[PDB]
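A single chain, nothing else alongside it, follows as structure tokens in the form solved without adenosine.
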């Protein structure tokens, strides 16, 4: 099916009442007075499409005699895909597109648009026109660098970004400070300042400490009993995952040390791991960040180095680098028992361009970030709706079938994303740092592990072609998609549905407040409406269909939720996707309440054997 046809099937389907609340709540633009400028998703799509299409002003392949034609064509395709809700960029794009721009230009009919109208939009983008979700800043070992970074956290947060740092540069607690004949506080104590800062710019953050830092144990325990309430915390592994797994298997020891300290200590790695697993088993923190694995696949490594992820972990970033995201709802690409690969390829094409255009209309609060992004042009195209896609295809999430499907789907998207990046480098110019990247200086560099798809050889072929032309350093991620999957009425990221049914309460102004039942749409349409009526009550009490009487087996096996899927099946699904993502992946390893700390440990060990770049894990713990 052509994309245009699929667009027609969805373009007049309106967001559900649930989505509309979220849109009214945070997305619809308002004036200084608090009046709505936007009252319909369509108005958001109009504005966003117009602003991002405006980047086509910069397109060197266009003749002035042609420019307004082209810009208008991109505006309409971007508009049509956003309105149909087939692709949605990360929230900051939808919040901030067109801030600074006269309200007369953002929503007026495209037929009325002039070249000078598009140029005025370009011109009038204010310092709040920040369209990217993901940021990393360094935090260097000095009072001056720490507080410059606290300021940067504040500035980035103001404009709607999420920021992470590796704090390992900071000398351990108790170490010698020259200026003071005193003693250093250490990273964990400086992270409270970043926490206090942000908790006031918000009337989540990423903090990483490397496994060999002398304060690592303190770090691991930092969120137990949480002073760092705005931080997600991951333990950083800058060495190879193989070395770490080997050291564990031999019951080896790790030396904790720091260059600007005389503080040295030997710890049993098994013991470090158990402490991390015990804390993660209790509270969910800290996760694991396989920084070495990220650098394995970083085209610019070792010239440039990935030290931290953004707050949700899906983008590994070098210092001052940012990254903009967007997601395709692949549940909408289901057609009679197959995924419509024809319409999907056309959309991957459009999406890569939309995302790459976001960089040109993006305004960042810090010059070093502007420069880092211009230089690399890193994107994060991903998917949402994948669980609902498996439901439609009648595939159990917790099956080798699902993971095989997932790796092929991702491999196909990867293929056509990187092909589009090739085409864009040819059309608009390569990312400045192409020449010094492994796409150039190597033969056979691929930014992911592959090994689970028929498309591998074709992918290799595209990667070789991008030695010449390449618009972007990296193109892909799977994000959490909390809100944008809500807007799109679909399941989040690559995550299974957490629940098939819950009560979402609607506030009658006025009246009082209504108990409104949600049942998963795909469940509603496959399950016999009279079975639904019966079990509906038990499903809400129990959270699964598995021990409900008189629901056919095939419905129980297909309509699995997060907690029906055991930890390894979660882990292996992450692996399947990561093999064909050049950035990282947002995946919660959900674990049953009855899981032990050893069960967590075993996930970590398995994690070290698979291709995952990071780990997040237990029901009932928080």
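Residues that one form lacks are left out of the comparison. The term rigid core refers to the most C-alpha atoms you can superpose between the two forms while keeping them within 1.5 Å. Numbering follows the first chain given and starts at 1.
The next section is about a form of this same protein that is not shown, the form solved in complex with adenosine.
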| query | finding |
| --- | --- |
| Binding-site state, shown form vs adenosine in the deposited complex, superposed, 3 or more atoms under 2.4 Å of backbone or C-beta | open |
| Heavy atom within 4.5 Å of adenosine in the deposited complex - residue from 346, 356, 285, 75 | 285 |
| One residue of 71, 244, 424, 233 in contact with adenosine, assessed in the deposited complex (non-hydrogen atom, 4.5 angstroms) | 233 |
| Heavy atom of residue 313 within 4.5 Å of adenosine in the deposited complex | yes |
| Partner contact for residue 46 in the deposited complex: adenosine, 4.5 angstroms, heavy atom | no |
| Adenosine contact at residue 206 in the deposited complex, heavy atom, 4.5 Å | yes |
| In the deposited complex, residue 579 touching adenosine (heavy atom, 4.5 Å) | no |
| Options 61 to 69, 549 to 557, 587 to 595, 36 to 44; stretch whose heavy atom lies within 4.5 Å of adenosine in the deposited complex | 587 to 595 |
| Within 4.5 Å of adenosine in the deposited complex: residues from 465 to 486 (heavy atom criterion) | 480 |
| Moved runs of 3+ residues, each with a C-alpha displacement of 2 angstroms or more between the shown form and the other one on the rigid core | 503 to 505, 516 to 518 |
